[PDB]
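This note's numbering numbers the first residue of the first sequence as 376 and each following residue consecutively.
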Amino acid sequence: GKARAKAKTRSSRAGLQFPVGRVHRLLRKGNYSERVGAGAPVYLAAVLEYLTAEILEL
DNA sequence: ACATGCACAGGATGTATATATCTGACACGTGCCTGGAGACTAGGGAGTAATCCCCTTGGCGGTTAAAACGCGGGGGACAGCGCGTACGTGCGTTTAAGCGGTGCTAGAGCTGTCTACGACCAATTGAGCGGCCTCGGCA
Numbered sequence: 376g377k378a379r380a381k382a383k384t385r386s387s388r389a390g391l392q393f394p395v396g397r398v399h400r401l402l403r404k405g406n407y408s409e410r411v412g413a414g415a416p417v418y419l420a421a422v423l424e425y426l427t428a429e430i431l432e433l
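Dropping the structure here:
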């Protein structure tokens, strides 16, 4: 068989706009820890997205 | 006589040999964008002289904290309970990993504008005349 066409993003499943997959990509390749949680980048993206929303509104 | 320092046992720690490969130092192509200098331009700045007004100064003077000092409460020092922390332990859930699939998010493009960037004009708020008036005043 083959992998899923138009498979839904971690971001849009969370309702976020920031790239949660890239947050996981960068947490892992950024060497911050040898293993990284699946909801860790959701939480981090949501905080960066919140700070981004607040600072841009002001 | 106390905190620091002595050698043994234990148990794992750093180690040496090994299989497998991808990280990274290198020559070369690459070809950018930086280093360079000059022509051109006039906005900005250098140096001097004017003089206002500010920080420094010496001071008067008060009143403040340091200074000397004692009362009594509470900080500093051991036994006694019990509650938390460090593991022991097996379970099982968590992410990692292979490398495809293929989505959209990327560099770089080109697009047409088209916000907002200069530059000009028409507002509202400032101290100095002008004539009036009264209060305060002299002879």
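Don't be surprised by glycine CBs; every beta carbon is placed ideally from N, CA and C.
Endpoints, the alpha helix (DSSP H) within which residue i is located
{"i": "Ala421", "result": "415-432"}
Residues of its chain near residue i, where Cβ-Cβ distance is below 7 Å and the 5 sequence neighbours each way are ignored
{"i": "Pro416", "result": "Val395, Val398, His399, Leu402"}
Distance CB(residue i)-CB(residue j) smaller than 8 Å
{"i": "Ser386", "j": "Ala413", "result": "no"}
Own chain residues within Cβ distance below 8 Å of residue i, not counting five before or after
{"i": "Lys381", "result": "none"}
| said: For the region 389-400 against the region 421-429, do three or more pairs of beta-carbon atoms, one drawn from each stretch, fall closer than 8 Å, so that the two count as touching? | reply: yes
| query | Which whole runs of the alpha helix (DSSP H) in the region 376-409 are 4 residues long or more, in chain order? | reply | 385-389, 395-404
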